[PDB]
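Worksheet for the structure shown next.
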Amino acid sequence: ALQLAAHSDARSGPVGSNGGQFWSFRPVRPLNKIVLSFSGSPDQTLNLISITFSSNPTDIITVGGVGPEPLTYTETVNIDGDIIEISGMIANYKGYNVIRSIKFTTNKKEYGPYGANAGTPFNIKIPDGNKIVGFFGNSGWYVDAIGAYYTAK
Amino acid sequence: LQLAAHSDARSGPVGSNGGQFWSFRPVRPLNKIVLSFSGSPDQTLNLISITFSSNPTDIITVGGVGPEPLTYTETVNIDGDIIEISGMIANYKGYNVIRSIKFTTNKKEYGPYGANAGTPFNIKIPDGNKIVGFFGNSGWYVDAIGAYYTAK
Amino acid sequence: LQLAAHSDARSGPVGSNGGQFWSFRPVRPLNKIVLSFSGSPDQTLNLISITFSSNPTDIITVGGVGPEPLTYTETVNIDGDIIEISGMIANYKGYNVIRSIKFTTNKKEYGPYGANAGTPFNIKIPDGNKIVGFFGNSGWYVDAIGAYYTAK
Amino acid sequence: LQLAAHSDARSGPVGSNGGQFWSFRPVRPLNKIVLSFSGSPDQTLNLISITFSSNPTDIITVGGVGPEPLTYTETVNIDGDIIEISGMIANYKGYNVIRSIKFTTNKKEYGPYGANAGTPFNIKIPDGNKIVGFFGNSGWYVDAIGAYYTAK
Ligand SMILES: CO[C@H]1O[C@H](CO)[C@@H](O)[C@H](O)[C@H]1O
Ligand SMILES: CO[C@H]1O[C@H](CO)[C@@H](O)[C@H](O)[C@H]1O
Ligand SMILES: CO[C@H]1O[C@H](CO)[C@@H](O)[C@H](O)[C@H]1O
Ligand SMILES: CO[C@H]1O[C@H](CO)[C@@H](O)[C@H](O)[C@H]1O
């Protein structure tokens, strides 16, 4: 059959630091839900352990959180519209530089930041007219690094 | 400190350009793969979509966004590390898509599943490595597929 | 001031595995491509290597690391933006490699150059975009090739 | 043998987004790197562009597309397998870019070359591998850098 070259989306990032495992999630349908899991409490200090990305039913993935630290606080984000940017803070946690906070911005609403808004700032932006259709990164016990896939609207 | 994070090497993709690019590289091993078809096992099976998953949770389905009703499904319980995939590419309703697929682990072979006809593809990786994810293009069907690999 | 760095979308590769992965995406436009072959134009041409270059200095050569002497070269001076690449894939001395290649801009066509016979390949990008670089696999010959692209 | 082609694993990028995405992964070893600066060796050197090469043919220059006059260059003749890169990121004329860089091979070290200040970066690869190419973002300066690596 004709070998019609298949395409791979452009990427922005990753930011943060190297983690034991590389991960990627780029669903065919829009990303519509994000669940961030923390240890600690919102009245004290939040420690981001894992992130869960989902697209409609069935499509879902959880990165970070393979360690023993119990989860004690979850934040559910229901995305309305197209994500165009994500930002947050990077800092050391129990020995590793990881994503400590995170904020999702769509062309309609703003969600976050969530977590410990302290440390080194990061900002994943894409050219005007594009949208984020996925995420990839490095992770282990925690979320070491994050990057995004993007394509024209 | 900005300590460069890594991205696994890739093999492929093979097949044809499709409407959407897709990627699924879970942090835990792949353990289950569900293939959905139209047609029938007694005659000819038409591969429509593929579902990849890793326990617990972690799942994705590619292809199958169209109106064609599904009529059959085959669940592959992955035993071991996937070291290669192969199959056939043939035309279907106007497009060239993945028509058959076989998963090979050091422990056993699964497939080929689907329709054994068309152009053969073969995704092999260097010895000592294992496939830890898949990526590709898809729309109504599975247009293209490729794999992520790393040291075992 | 401190945003994450970007990587261009990719289309491909087409062809088959080769010993070395190669990549060339210069900061300035691809304006000269030199194709090196064995054999002769009055007979059949065997593509051995390809040289990509961007104005002075920026240059790379893939394939052709074998001992087979080159007896024919085709120089292509690209006028505008390359939006498509096509050609043929076929066996050469026990290897499936790029045998033929044609470059297409918005107003001109260059080639095909080489041996027009085998399995056809085509690298197309979404309208409004342009090819800004290439990647693939190579060794003695040119095993596979893919393109980097971005908006005009 | 019709096997899918492979793409080397990646580490990075580090630094900040830049106008152009760039990539250079030659088939043969990288045996020479030239760093071009403005300023002076006695005071502060400002990294403006980096030139990578393998043999007198494969060469690429990233950064330096601006009118800023160069005033110093440093040539690094790599002896062994480059297994690590490091340096500093800092502001220069309103841009966060690579200001310092150091190359480490399986034999010796080269650098740090450039200005001391800013955020450190480190591109390290798993044991047993080596850097076979580099990619990143650039404009008037070198905005971001990453490495392609494979088993040595
Ligand atoms: C506790 O160590 C584990 O978790 C951290 C954090 O996510 C990873 O960086 C590391 O590679 C993994 O082995
Ligand atoms: C029927 O057309 C749809 O499905 C095919 C196949 O999977 C895709 O290639 C195409 O882009 C999409 O629009
Ligand atoms: C002759 O063998 C060499 O050249 C061929 C073709 O380029 C490559 O596929 C192969 O890996 C390399 O070792
Ligand atoms: C002067 O501006 C130019 O050079 C800087 C630094 O290289 C790039 O970041 C920017 O995108 C490009 O347009």
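Here chain D follows Swiss-Prot for its numbers: 3-154, in order, are the residues you see.
Cβ coordinates are placed from backbone N, Cα and C, and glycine is handled just like the others.
In three-state terms derived from DSSP, D:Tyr143 (carbohydrate binding site) belongs to neither a helical nor a strand segment and is classed as coil. Just so you know, the Cβ of D:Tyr143 (carbohydrate binding site) picks up 27 other Cβ atoms within 10 Å once every protein chain is counted. Annotated carbohydrate binding site per Swiss-Prot: D:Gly21, D:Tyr97, D:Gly141, D:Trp142, D:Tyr143, D:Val144, D:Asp145, in sequence order.
Swiss-Prot lists D:10-153 with the feature domain 'Jacalin-type lectin'.
With all protein chains in the displayed structure included, the most crowded Cβ environment within 10 Å among the binding-site residues D:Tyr97, D:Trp142 is that of D:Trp142. Excluding D:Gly21, D:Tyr97, D:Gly141, D:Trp142, D:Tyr143, D:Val144, D:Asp145 themselves, the residues of that chain whose CB lies within 8 A of the CB mean position for the carbohydrate site are, in sequence, D:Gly20, D:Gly65, D:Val99, D:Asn139, D:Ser140.
Neighbour counts were taken at the CB atom with a 10 A radius for the binding-site residues D:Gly21, D:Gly141; the maximum falls on D:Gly141. DSSP assignment over the domain 'Jacalin-type lectin' (D:10-153) gives 0 helix, 96 strand, 48 coil. Only D:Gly21, D:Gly141 of the binding-site residues listed as D:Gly21, D:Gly141, D:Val144 bring a Cβ under 6 Å of any atom of ligand 4; the order follows the sequence.
Of D:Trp142, D:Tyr143, D:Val144, D:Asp145, listed as binding-site residues, those near chain C by the criterion of a Cβ under 8 Å from one of its Cβ atoms are D:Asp145. The Cβ of D:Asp145 (carbohydrate binding site) has 27 neighbouring Cβ atoms from other residues within 10 Å, across all protein chains displayed.
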